[PDB]
Each structure stands twice: as C-alpha cells, then as structure tokens.
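Student: First residue of the sequence shown? That's 60 in the numbering used here, and the numbers climb one at a time after it.
Built from N, CA and C at the ideal position, the CB exists for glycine as well.
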Amino acid sequence: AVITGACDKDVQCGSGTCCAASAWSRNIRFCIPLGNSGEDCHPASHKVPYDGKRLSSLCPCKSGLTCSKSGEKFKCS
C-alpha cells in the first residue's frame, strides 16, 4: 500500500505532532512535529488539535508556545 497520510485529525496523534502535510512534500500527512521556539508558524493555523481541516504544509506551534508575528511572518515564542 502507498503511504500518503497517517491521519487527518491531530486527535489521532498527540500534542506535539499534527496531521498536516510536510513542508518538503504534500504527500506526507503523518503525525509530524509542531513548530518550536523561533520556528515559523501560520497565523491561520489554530492550536493543535486543529479545530477543523486545513491542507497546510506546516504544523502550528507546539503545545505551550504562542504563534505571533516575529519578523516578516508569524513565529512560535
């Protein structure tokens, strides 16, 4: 079988990993790690588990961190 996603809802994984698409390939949709301190985050992306559906190639800020504009875009701090 071809692997193109482990889950869809972060609820299936655990706090720290999201079921989004990997930044390198939109084929990866497994429990991929969230952004850490100083990491780029999408303002449109809600806290994990994400309250909906979004085909974003970037996991939001890890539990405990806040996503805010830290330069050109939003970053976790």
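What did DSSP end up calling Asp99 once you bin it into helix, strand or coil?
Tutor: Strand at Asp99.
Student: Terminal residues of the continuous beta strand (DSSP E) containing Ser127?
Tutor: That run of the beta strand (DSSP E) goes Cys126 to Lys128.
Student: Considering only the alpha carbon of each residue, which of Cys90, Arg85 and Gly75 lies closest to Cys66?
Tutor: Among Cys90, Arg85 and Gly75, the Cα nearest to that of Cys66 belongs to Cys90.
Student: Return the Cβ separation of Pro119 and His105 in integer angstroms, given the expectation that the two are a contact with Cβ distance under 8 Å.
Tutor: The pair is a contact, with the Cβ atoms about 7 Å apart (cut-off 8 Å).
Student: Determine, using beta carbons only, whether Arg88 and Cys78 come nearer to each other than 8 Å.
Tutor: Yes, they are a contact pair.
Student: Within a Cβ cutoff of 7 Å, which residues of the same chain sit near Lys112, ignoring the five residues on either side of it in sequence?
Tutor: Excluding residues within five positions, none has a Cβ falling inside 7 Å.
Student: For the putative contact between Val107 and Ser122, defined by C-beta atoms under 8 Å, what is the C-beta separation to the nearest angstrom?
Tutor: Right, the Cβ-Cβ distance comes to about 7 Å (below 8 Å), so this counts as a contact.
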